[PDB]
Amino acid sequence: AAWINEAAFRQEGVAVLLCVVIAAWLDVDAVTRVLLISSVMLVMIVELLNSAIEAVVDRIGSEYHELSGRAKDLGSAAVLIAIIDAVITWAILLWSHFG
């Protein structure tokens, strides 16, 4: 494990971690708490999987092939949909908690 040192995983991971702490402190019921923690962790999961795929693509080599770009782009799109899912989740659950 030497990937944890890279600035990008640092940023993404710290965002997720912060969100998990804040969710741990909030005055919400249990199901809401679980939803808030899960959406963000799913963003972490997806980013890790995406990076795994990027690592394989790069393992194959430097010469560009359309399917390499495609694999990376599809990975990114997955990450994007997860992020949007996290944002919808927090917005819907906390608009309710807006007081």
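Residue numbers here begin at 1 and follow the sequence given.
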Greater mean Cα temperature factor according to the PDB record, 10-18 or 87-95: 10-18
As stated in the PDB record, which stretch has the larger average Cα B-factor, 20-28 or 74-82? 20-28
Of the three thirds of the chain ranked by Cα temperature factor, residue 68 occupies the middle
Would you check the entry's CA temperature factor for residue 58 and let me know if it's in the chain's lowest, middle or highest third? highest
